[PDB]
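Counting starts at 1 for both ligands and their atoms, in listed order. For the numbers below, each heavy atom of this structure counts, side chains included, while hydrogens, waters and symmetry mates do not. Order of the sequence lines sets the chain letters (A, B, ...), proteins ahead of strands, with each chain counted from 1.
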Amino acid sequence: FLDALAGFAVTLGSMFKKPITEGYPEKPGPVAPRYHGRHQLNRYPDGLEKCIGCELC
Amino acid sequence: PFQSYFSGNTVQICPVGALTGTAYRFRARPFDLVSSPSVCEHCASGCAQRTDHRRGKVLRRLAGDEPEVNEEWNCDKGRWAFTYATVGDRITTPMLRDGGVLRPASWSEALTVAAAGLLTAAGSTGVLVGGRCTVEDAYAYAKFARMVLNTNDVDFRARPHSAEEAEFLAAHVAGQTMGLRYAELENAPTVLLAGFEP
Ligand code: SF4
Ligand code: SF4
Ligand code: SF4
């Protein structure tokens, strides 16, 4: 009969567990290493631009 | 140097990037070209062409494919003489003569002044049409001169010419199209060139 009240036991329980929110912006969460962030134009180690302007991108 | 009026064709005929046009160099790839069929403005040959422009600037003009006119060829003029409209001398707005200086003017003011002057000039007006106008444009010039200015002083010949030339054009040229065709030139047993440097 208490099964219908299971939801209560859930929420109350979570009220005592630490919140899982990421601390953005003060403590931004970890994004995936593969995430598709801002494009970036890279250089060779000597400073020359890698972009040859082929327009394939 | 290579030095031929048809050099650009070698650029269009090369199946690789060996021969390339220095004007078109690195200025675009096909995907960003807006390409439109066109006709060359310069000669009376009327070559079919393909005008390619990027961000509103014409980059090249390929020869197109008109077997009855030019097949797949151009002269260098048609291929590369397209920068005239962007050398900075283009008139961008209507202009009026104010205080002896040519001042930018609105379309309304310019049209009003031109109409006033033309009406004040009634029949004493001449219309020099030049040879660059399209068939529609030349028709508009003629119709304006004869209907609006009520004058027959209309002439497209901006070059050495004669009244005998006008008579000849009326007699044998005007109103007679397709009398001779490129396909007939290729087959004519004898071709006599008079006052003509093909
Ligand atoms: S695809 Fe070509 S033009 Fe685009 S960033 Fe890479 S090298 Fe540069
Ligand atoms: S380098 Fe130029 S000519 Fe050679 S295969 Fe690539 S696109 Fe064709
Ligand atoms: S491409 Fe050359 S031959 Fe053809 S119409 Fe233009 S100027 Fe004349």
Side-chain angles (χ1 to χ4, degrees), chain A residues 34-57, chain B residues 1-33 35-55 58-64 67 69-71 73-87 129-135 138 156-159 173 177-178 180-183 185 188 191 193 195-196 198:
Chain A
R34 199 175 273 195
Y35 180 65
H36 288 189
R38 298 204 308 262
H39 299 77
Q40 169 169 87
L41 288 167
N42 302 307
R43 304 172 192 269
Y44 288 110
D46 65 7
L48 281 185
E49 305 177 359
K50 291 200 179 188
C51 179
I52 56 183
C54 66
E55 303 202 43
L56 290 177
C57 57
Chain B
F2 177 72
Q3 188 52 74
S4 81
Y5 293 150
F6 311 98
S7 75
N9 297 287
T10 69
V11 171
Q12 187 172 349
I13 205 168
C14 181
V16 293
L19 290 165
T20 182
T22 191
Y24 179 67
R25 186 152 156 102
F26 302 167
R27 278 174 180 81
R29 322 306 293 261
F31 82 95
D32 62 56
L33 271 61
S35 192
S36 305
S38 301
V39 176
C40 188
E41 320 93 2
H42 300 277
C43 307
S45 295
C47 302
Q49 282 192 313
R50 202 193 82 194
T51 301
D52 293 352
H53 62 272
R54 188 195 183 169
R55 69 154 187 279
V58 176
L59 302 185
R60 59 170 183 196
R61 304 206 295 204
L62 301 186
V69 176
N70 60 299
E71 307 187 294
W73 313 133
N74 300 120
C75 85
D76 290 358
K77 191 176 189 180
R79 172 170 276 97
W80 283 307
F82 53 80
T83 51
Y84 59 86
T86 65
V87 304
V129 185
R132 293 259 80 74
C133 316
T134 75
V135 69
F156 71 88
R157 274 99 45 85
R159 48 90 177 173
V173 178
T177 64
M178 316 315 297
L180 179 61
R181 278 176 297 123
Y182 289 104
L185 295 191
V191 173
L193 309 171
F196 185 42

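Residues B:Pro198 and B:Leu193 are in side-chain contact: their nearest non-hydrogen atoms beyond the backbone lie under 4.5 Å apart. Using a 4.5 Å heavy-atom threshold, the side chains of B:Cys40 and B:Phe82 count as separate. Counting heavy atoms from C-beta outward, A:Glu55 and B:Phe31 have side chains that approach closer than 4.5 Å. With a 4.5 Å cut-off on side-chain heavy atoms, B:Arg29 and A:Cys54 count as touching. Within the 4.5 Å cutoff, the side chain of B:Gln49 has heavy atoms near those of the B:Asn74 side chain.
The distance from ligand 1 to the heavy atoms of A:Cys54 drops below 4.0 Å at these ligand atoms: 1 (S), 2 (Fe), 3 (S), 7 (S). Close approach of ligand 3 to B:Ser45 (heavy-atom distance below 4.0 Å) involves ligand atoms 3 (S), 4 (Fe), 5 (S). Heavy-atom proximity to B:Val16, at under 4.0 Å, picks out these atoms of ligand 2: 3 (S). In the vicinity of A:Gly53, heavy-atom distances shorter than 4.0 Å reach the ligand 1 atoms 3 (S), 8 (Fe). The atoms of ligand 1 that sit less than 4.0 Å from any heavy atom of A:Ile52 are 7 (S), 8 (Fe). Atoms of ligand 3 lying under 4.0 Å from at least one heavy atom of B:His42, given by number and element, are 7 (S). Listed by atom number, the atoms of ligand 1 under 4.0 Å from A:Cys57 heavy atoms are 1 (S), 3 (S), 4 (Fe), 5 (S). Remark: ligand 3 atoms within the under-4.0 Å shell around heavy atoms of B:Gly46 are 5 (S).
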Stepwise side-chain contact (heavy atoms from CB on, under 4.5 Å) check, B:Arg157 with B:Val129: CA-CA 8 Å; B:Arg157 274 99 45 85; B:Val129 185; over 6 Å; no
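With hydrogens and angles ignored, the 3.5 Å screen pairs a side-chain donor or acceptor of B:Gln12 with a backbone N or O of B:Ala63.
Looking only at heavy atoms of the protein, atom 2 (Fe) of ligand 2 is closest to B:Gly17 N, 4.5 Å. Looking only at protein heavy atoms, the nearest one to atom 8 (Fe) of ligand 1 is A:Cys51 SG, 2.3 Å. The nearest protein atom to atom 4 (Fe) of ligand 3, hydrogens excluded, is given as B:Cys47 SG, 2.2 Å; this is a heavy-atom distance.
With respect to the salt-bridge test (charged N to carboxylate O, under 4.0 angstrom), the residues B:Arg61 and B:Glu41 qualify. Salt bridge status for B:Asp52 with B:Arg50: present, with a side-chain N to carboxylate O gap under 4.0 Å.
Compare B:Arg29, A:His39, A:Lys50, A:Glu55 by their heavy atoms: the one nearest to atom 3 (S) of ligand 1 is in A:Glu55.
Atom 8 (Fe) of ligand 3 has no N, O or S atom of B:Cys40 under 2.8 Å away, backbone or side chain.
Within the 4.0 Å cut-off (strictly below), no protein heavy atom is located near atom 6 (Fe) of ligand 1.
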